[PDB]
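For reference, the structure discussed in these notes is given below.
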Amino acid sequence: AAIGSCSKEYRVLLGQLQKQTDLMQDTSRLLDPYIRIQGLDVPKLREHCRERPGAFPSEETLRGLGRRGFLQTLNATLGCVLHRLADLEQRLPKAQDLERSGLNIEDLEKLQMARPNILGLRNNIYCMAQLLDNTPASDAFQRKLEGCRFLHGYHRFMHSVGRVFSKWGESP
Amino acid sequence: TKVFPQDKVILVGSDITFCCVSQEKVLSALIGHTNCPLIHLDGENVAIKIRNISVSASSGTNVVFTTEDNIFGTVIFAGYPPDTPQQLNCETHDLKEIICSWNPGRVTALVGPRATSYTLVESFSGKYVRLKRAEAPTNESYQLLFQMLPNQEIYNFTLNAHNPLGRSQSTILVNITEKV
Amino acid sequence: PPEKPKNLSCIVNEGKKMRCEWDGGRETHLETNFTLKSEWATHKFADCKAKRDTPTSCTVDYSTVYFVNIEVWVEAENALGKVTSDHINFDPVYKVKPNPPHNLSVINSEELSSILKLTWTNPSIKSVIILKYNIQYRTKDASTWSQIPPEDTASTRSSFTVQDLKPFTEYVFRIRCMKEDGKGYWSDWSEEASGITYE
Ligand SMILES: *[C@@H]1O[C@H](CO)[C@@H](O[C@@H]2O[C@H](CO)[C@@H](O)[C@H](O)[C@H]2NC(C)=O)[C@H](O)[C@H]1NC(C)=O
Ligand SMILES: *[C@@H]1O[C@H](CO)[C@@H](O[C@@H]2O[C@H](CO)[C@@H](O)[C@H](O)[C@H]2NC(C)=O)[C@H](O)[C@H]1NC(C)=O
Ligand SMILES: *[C@@H]1O[C@H](CO)[C@@H](O[C@@H]2O[C@H](CO)[C@@H](O)[C@H](O)[C@H]2NC(C)=O)[C@H](O)[C@H]1NC(C)=O
Ligand SMILES: *[C@@H]1O[C@H](CO)[C@@H](O)[C@H](O)[C@H]1NC(C)=O
Ligand SMILES: *[C@@H]1O[C@H](CO)[C@@H](O)[C@H](O)[C@H]1NC(C)=O
Ligand SMILES: *[C@@H]1O[C@H](CO)[C@@H](O)[C@H](O)[C@H]1NC(C)=O
Ligand SMILES: *[C@@H]1O[C@H](CO)[C@@H](O)[C@H](O)[C@H]1NC(C)=O
């Protein structure tokens with residue numbers, strides 16, 4: 001029936017992983033549409049969209065991690081990101097609303113395309129692991145800033161994981 | 001909290017006065033892109049006057065108060081009263097349920113957990129039906145089902161709408177036998 | 001009784017859903033409803049239904065994700081039994097059919113009387129994959145279209161210079177593009193742009 005490992009070629013699998021990370025590392029793809037749709041397209045307001053410390057693991061920890069715990073922590077972080085992204089998408093407006101306001105639907109398209117990208121990255125991490133086989137209430141203005149900081153932290157984490165993947169080139 | 005009021009629903013075109021309480025000095029205050037002069041009060045607190053406010057977007061024209069270290073602000077929602085339901089008609093297909101179609105009319109420019117809730121009620125029997133958050137586009141003129149009451153043909157329906165700013169109604173008398 | 005289909009192939013357009021086709025086979029005078037299964041190693045997607053208008057093609061309802069091996073196969077069923085075709089797995093990035101480079105323009109130079117400069121605009125796929133082009137040109141009165149050797153246009157770029165066109169004649173140009181490694185499908189020909197050499 002369904003194959004346990006989606007592929008058996010280590011080289012093409014690692015290439016797919018590296019390409020996925022390098023593609024998903026796009027702040028202009030993910031974060032900027034959020035700032036544009038939330039009305040924060042003002043220089044000083046955009047200046048405050050900075051990641052808070054301790055949101056995502058550090059580059060030193062990703063470097064220190066091996067080849068199994070690294071994949072496990074990546075899977076867990078992607079799960080948490082999927083949860084918070086489902087929450088955000090629940091909070092985001094609709095297409096007719098964006099049309100009546102004057103915003104761009106491309107932001108909604110990019111978000112609804114970025115979620116299955118996370119799903120596919122989780123799938124590919126599973127394939128690689130198998131191939132190895134060895135706040136009561138918040139303000140309507142505070143929620144936007146929280147989402148922006150979360151997206152910036154996610155972009156930093158994507159950069160870190162992309163560099164980590166590009167580090168180890170080829171191995172049996 | 002530092003800015004007042006917070007998440008207030010107001011009518012488009014009316015005046016409103018904001019206020020910010022803080023010990024440290026405030027540099028400037030913005031309403032989206034437009035800037036506004038500050039009115040000094042007792043101490044470091046400042047206030048701003050808004051007159052003839054335009055229609056606010058879905059996210060809301062979030063007024064911000066910028067200082068040297070951080071940023072504070074709230075959201076305001078400028079909307080309209082609900083329009084009277086238009087083109088109300090009811091008919092039957094199998095003489096078991098009655099579907100009443102209507103048009104929402106002019107847009108209220110308010111969405112989220114503040115949309116206009118519609119409720120159709122019967123006069124002779126006092127039974128009512130309430131629409132859930134599932135809202136269809138105007139493209140498909142609004143409809144709601146009403147179970148036909150046994151041994152009764154004359155029906156007199158009155159629809160009621162209500163938002164956080166107003167309410168509207170409409171009445172129709174129908175013979176359920178001639179609407180098949 | 002119908003028999004199993006074959007000739008399965010799938011193509012992905014620029015930023016759209018992936019469609020797949022197959023063959024009809026022999027006719028058995030019995031109604032048949034075709035359906036193909038598409039699934040990842042862990043995720044099982046929805047199914048298609050062969051429309052009565054075109055029983056050999058459907059458009060999936062899920063967004064395409066590149067660099068993930070998906071396994072697709074068609075299962076044919078009728079009132080007398082069911083049978084499944086062969087199972088293939090392919091990276092959806094290898095089936096992409098990009099768009100032609102738009103905004104083609106020809107600009108000459110007032111220094112040499114034998115060269116022409118070509119400018120165009122690549123689509124958004126240039127950020128995902130490296131792509132190659134084929135530049136074809138011809139003289140205004142000559143109907144035969146000559147082709148520049150592809151060895152000079154084997155990488156991504158947005159400018160190129162033609163040579164060896166001495167006396168004061170007009171030329172028309174066109175260009176297409178596909179994936180660099182040759183895997184996929186060639187795009188359509190762009191709009192023809194004219195240009196007159198220097199005198
Ligand atoms: C990756 O994290 C998930 C947590 O969501 C682990 O659990 C799997 O979750 C999926 C959800 O679709 C289930 O289908 C699997 O059956 C779950 N597996 C187990 C063992 O519970 C998943 O195991 C993690 N993957 C790896 C390789 O560690
Ligand atoms: C139809 O039902 C309404 C109750 O929903 C009856 O009562 C009228 O309600 C309207 C409100 O839309 C008032 O303006 C009228 O003054 C009410 N009239 C009375 C007599 O109470 C209404 O009478 C019913 N219509 C008929 C023809 O019986
Ligand atoms: C509502 O409709 C019914 C039928 O559609 C009407 O009943 C009819 O009344 C006429 C008398 O004018 C009879 O000749 C018919 O046989 C009746 N049809 C039936 C019983 O099916 C009823 O009068 C209508 N009500 C009003 C207020 O117009
Ligand atoms: C508010 O502004 C609109 C247009 O900007 C104008 O038509 C209207 O008269 C103004 N209202 C008041 C009270 O000034
Ligand atoms: C399907 O058949 C055609 C000719 O009938 C031929 O291109 C090949 O055998 C099949 N095509 C593909 C893409 O497999
Ligand atoms: C399609 O054809 C099969 C063949 O018998 C039949 O069982 C089925 O009811 C048809 N319709 C659908 C929706 O599958
Ligand atoms: C060509 O460029 C112009 C402006 O440089 C702009 O309309 C668009 O990018 C392109 N338009 C077409 C029709 O290709």
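Ordered as shown in the structure tokens, chains take letters A, B, and onward, while each chain numbers its residues from 1 and ligands are numbered from 1 in the order shown.
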Handout entry: strand (DSSP E) call set, DSSP backbone run, range 21-174 of chain B, as a PyMOL selection string
Key = chain B and resi 28-31+34-36+39-40+46-50+63-66+71-73+76-79+86-92+97-103+117-122+128-130+142-147+154-163+166-174
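Each residue with an atom within 8 Å of any atom of ligand 4 appears in the list, which was built counting only C-alpha atoms and all ligand atoms: residues 13, 14, 51, 52, 53 and 54 of chain B.
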Just-selected residues, N, CA and C atoms written as an mmCIF file, in the first residue's frame:
data_model
loop_
_atom_site.group_PDB
_atom_site.id
_atom_site.type_symbol
_atom_site.label_atom_id
_atom_site.label_comp_id
_atom_site.auth_asym_id
_atom_site.auth_seq_id
_atom_site.Cartn_x
_atom_site.Cartn_y
_atom_site.Cartn_z
ATOM 1 N N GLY B 13 -18.579 59.686 11.437
ATOM 2 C CA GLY B 13 -18.826 61.106 11.327
ATOM 3 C C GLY B 13 -18.884 61.850 12.644
ATOM 4 N N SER B 14 -18.945 61.143 13.765
ATOM 5 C CA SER B 14 -19.032 61.781 15.068
ATOM 6 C C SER B 14 -17.639 62.062 15.623
ATOM 7 N N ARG B 51 -12.416 64.775 14.731
ATOM 8 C CA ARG B 51 -13.683 65.288 14.230
ATOM 9 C C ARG B 51 -13.928 64.753 12.829
ATOM 10 N N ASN B 52 -15.180 64.380 12.559
ATOM 11 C CA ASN B 52 -15.597 63.857 11.258
ATOM 12 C C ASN B 52 -14.750 62.648 10.859
ATOM 13 N N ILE B 53 -14.734 61.651 11.746
ATOM 14 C CA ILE B 53 -13.930 60.458 11.518
ATOM 15 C C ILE B 53 -14.485 59.684 10.328
ATOM 16 N N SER B 54 -13.587 59.223 9.461
ATOM 17 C CA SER B 54 -13.980 58.504 8.261
ATOM 18 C C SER B 54 -14.310 57.050 8.596
#
Exercise for the section: Could you tell me, counting only C-alpha atoms and all ligand atoms, which protein and nucleic acid residues lie no more than 6 Å from ligand 6, written as a PyMOL selection string? Expected result: chain C and resi 32-33+77-79
Output file for the residues above (N, CA, C and O atoms, as a PDB file, in the first residue's frame):
ATOM      1  N   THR C  32     -18.618   3.532 -16.648  1.00  0.00           N
ATOM      2  CA  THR C  32     -17.450   3.397 -15.791  1.00  0.00           C
ATOM      3  C   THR C  32     -17.150   4.733 -15.130  1.00  0.00           C
ATOM      4  O   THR C  32     -17.218   5.784 -15.774  1.00  0.00           O
ATOM      5  N   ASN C  33     -16.815   4.686 -13.844  1.00  0.00           N
ATOM      6  CA  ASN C  33     -16.453   5.871 -13.079  1.00  0.00           C
ATOM      7  C   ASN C  33     -14.992   5.753 -12.674  1.00  0.00           C
ATOM      8  O   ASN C  33     -14.632   4.868 -11.891  1.00  0.00           O
ATOM      9  N   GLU C  77     -13.018   1.315 -11.904  1.00  0.00           N
ATOM     10  CA  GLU C  77     -14.036   0.462 -11.311  1.00  0.00           C
ATOM     11  C   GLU C  77     -15.324   0.563 -12.115  1.00  0.00           C
ATOM     12  O   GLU C  77     -15.619   1.597 -12.722  1.00  0.00           O
ATOM     13  N   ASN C  78     -16.083  -0.526 -12.116  1.00  0.00           N
ATOM     14  CA  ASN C  78     -17.382  -0.576 -12.777  1.00  0.00           C
ATOM     15  C   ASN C  78     -18.263  -1.541 -11.992  1.00  0.00           C
ATOM     16  O   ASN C  78     -17.938  -1.946 -10.870  1.00  0.00           O
ATOM     17  N   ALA C  79     -19.398  -1.922 -12.582  1.00  0.00           N
ATOM     18  CA  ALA C  79     -20.309  -2.849 -11.921  1.00  0.00           C
ATOM     19  C   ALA C  79     -19.773  -4.275 -11.885  1.00  0.00           C
ATOM     20  O   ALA C  79     -20.321  -5.107 -11.155  1.00  0.00           O
TER      21      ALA C  79
END
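For range 26-42 of chain B, the residues within 8 Å (counting only C-alpha atoms, excluding itself and residues fewer than 5 positions away along the chain) are residues 39 and 42 of chain A; 47, 48, 61, 62, 63, 64, 65, 66, 67 and 68 of chain B.
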Handout entry: All residues 10 Å or closer to residue 160 in chain B, only C-alpha atoms, same chain fewer than 4 positions away omitted, as a ChimeraX atom specification
Key = /B:84-85,116-121,130,167-171
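Every chain A residue lying within 9 Å of chain B, based on only C-alpha atoms, is listed here: residues 37, 38, 39, 40, 41, 42, 44, 45, 48, 93, 96, 97, 98, 100, 101, 139, 140, 141 and 142 of chain A.
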Prev. selection, N, CA, C and O atoms, output as a compact mmCIF listing (two decimals), in the first residue's frame:
# COMPACT_ATOMS: atom_id res chain seq x y z
N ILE A 37 -1.25 43.55 5.73
CA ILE A 37 -2.68 43.29 5.91
C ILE A 37 -3.16 43.80 7.26
O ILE A 37 -4.35 44.14 7.41
N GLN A 38 -2.29 43.89 8.26
CA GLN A 38 -2.69 44.35 9.58
C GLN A 38 -2.64 45.87 9.72
O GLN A 38 -2.93 46.38 10.80
N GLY A 39 -2.28 46.59 8.66
CA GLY A 39 -2.25 48.04 8.70
C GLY A 39 -1.03 48.64 9.35
O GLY A 39 -1.01 49.85 9.59
N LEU A 40 0.00 47.84 9.64
CA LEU A 40 1.21 48.32 10.28
C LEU A 40 2.27 48.80 9.29
O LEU A 40 3.46 48.82 9.63
N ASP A 41 1.87 49.17 8.07
CA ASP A 41 2.81 49.61 7.04
C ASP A 41 3.18 51.08 7.27
O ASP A 41 2.90 51.97 6.46
N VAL A 42 3.83 51.32 8.40
CA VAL A 42 4.34 52.63 8.78
C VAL A 42 5.73 52.42 9.35
O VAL A 42 5.92 51.52 10.18
N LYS A 44 7.93 53.48 11.66
CA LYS A 44 8.20 53.28 13.08
C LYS A 44 7.50 52.03 13.60
O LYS A 44 8.06 51.29 14.41
N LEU A 45 6.26 51.79 13.15
CA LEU A 45 5.55 50.59 13.58
C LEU A 45 6.24 49.33 13.08
O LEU A 45 6.29 48.32 13.79
N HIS A 48 9.32 48.12 15.20
CA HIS A 48 9.12 47.41 16.46
C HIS A 48 8.87 45.92 16.29
O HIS A 48 8.79 45.21 17.29
N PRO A 93 -8.73 38.30 8.51
CA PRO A 93 -9.99 38.64 7.83
C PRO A 93 -10.25 37.79 6.59
O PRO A 93 -9.53 36.82 6.32
N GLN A 96 -13.48 38.97 0.72
CA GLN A 96 -14.36 40.08 0.41
C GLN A 96 -14.08 41.28 1.31
O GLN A 96 -14.18 42.43 0.86
N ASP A 97 -13.71 41.04 2.56
CA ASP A 97 -13.33 42.13 3.45
C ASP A 97 -12.09 42.84 2.93
O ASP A 97 -12.03 44.08 2.90
N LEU A 98 -11.07 42.08 2.54
CA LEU A 98 -9.87 42.68 1.97
C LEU A 98 -10.18 43.46 0.70
O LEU A 98 -9.59 44.52 0.46
N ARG A 100 -13.10 44.96 -0.10
CA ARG A 100 -13.79 46.20 0.26
C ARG A 100 -12.85 47.19 0.94
O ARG A 100 -13.04 48.41 0.81
N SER A 101 -11.84 46.70 1.66
CA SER A 101 -10.91 47.60 2.33
C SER A 101 -9.91 48.22 1.36
O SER A 101 -9.66 49.43 1.40
N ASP A 139 -5.16 42.74 24.16
CA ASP A 139 -5.75 43.85 23.43
C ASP A 139 -5.71 43.60 21.93
O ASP A 139 -4.85 42.87 21.41
N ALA A 140 -6.66 44.22 21.22
CA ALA A 140 -6.72 44.09 19.77
C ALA A 140 -5.49 44.68 19.10
O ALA A 140 -5.15 44.29 17.98
N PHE A 141 -4.81 45.62 19.77
CA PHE A 141 -3.57 46.16 19.25
C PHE A 141 -2.35 45.37 19.70
O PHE A 141 -1.31 45.42 19.03
N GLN A 142 -2.44 44.66 20.83
CA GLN A 142 -1.32 43.84 21.28
C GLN A 142 -1.23 42.53 20.52
O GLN A 142 -0.13 41.99 20.33
Using only C-alpha atoms and all ligand atoms, find each residue of chain C with at least one atom at most 12 Å away from an atom of ligand 7; report its shortest atom-to-atom pair and that distance in Å (one decimal), sort the rows by chain and rising residue number, and return the result as CSV.
residue,atom,partner,partner_atom_place_in_ligand_line,distance
C:99,CA,ligand 7,14 (O),12.0
C:100,CA,ligand 7,14 (O),10.6
C:101,CA,ligand 7,14 (O),8.7
C:102,CA,ligand 7,14 (O),5.2
C:103,CA,ligand 7,14 (O),4.4
C:104,CA,ligand 7,14 (O),8.1
C:105,CA,ligand 7,1 (C),9.9
C:119,CA,ligand 7,1 (C),11.0
C:120,CA,ligand 7,1 (C),8.8
C:121,CA,ligand 7,1 (C),7.6
C:122,CA,ligand 7,14 (O),10.2
C:123,CA,ligand 7,14 (O),10.4
C:190,CA,ligand 7,14 (O),10.5
C:191,CA,ligand 7,14 (O),9.9
Selected residues written out with C-alpha atoms, as a CSV table (one decimal), in the first residue's frame:
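Saved as again_28.csv:
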chain,number,residue,atom,x,y,z
C,99,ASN,CA,5.3,31.2,-18.6
C,100,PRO,CA,7.0,32.9,-21.5
C,101,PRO,CA,9.3,35.9,-20.8
C,102,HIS,CA,7.2,39.0,-21.3
C,103,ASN,CA,8.1,42.6,-22.1
C,104,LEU,CA,10.4,41.8,-25.0
C,105,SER,CA,12.2,44.8,-26.5
C,119,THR,CA,15.8,42.7,-23.1
C,120,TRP,CA,13.0,40.8,-21.4
C,121,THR,CA,11.3,40.0,-18.1
C,122,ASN,CA,11.4,36.6,-16.5
C,123,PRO,CA,8.5,35.1,-14.6
C,190,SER,CA,6.7,35.2,-26.4
C,191,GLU,CA,5.4,38.1,-28.4
Practice task
Could you report the residues within 12 Å of ligand 5, using only C-alpha atoms and all ligand atoms, as number ranges by chain?
Solution key: C: 5-11, 20-25, 86, 88, 95, 184-185
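The coordinates place CA of residue 16 in chain C at 9.5 Å from CA of residue 59 in chain C.
For the set A:27, A:160, A:135, A:124, the residue with the smallest atom-to-atom gap to chain C is A:124, counting only C-alpha atoms.
Listed by chain and then residue number, the contacts of ligand 3 are residues 153, 154, 174, 175, 176, 177, 178 and 179 of chain B (distance at most 9 Å, using only C-alpha atoms and all ligand atoms).
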Closest contacts (chain C/chain A, max 7 Å, only C-alpha atoms) as a Markdown table:
| residue | atom | partner | partner_atom | distance |
| --- | --- | --- | --- | --- |
| C:40 | CA | A:6 | CA | 6.9 |
| C:41 | CA | A:6 | CA | 5.0 |
| C:42 | CA | A:123 | CA | 6.7 |
| C:65 | CA | A:117 | CA | 6.2 |
| C:67 | CA | A:16 | CA | 4.9 |
| C:68 | CA | A:120 | CA | 6.6 |
| C:69 | CA | A:6 | CA | 6.0 |
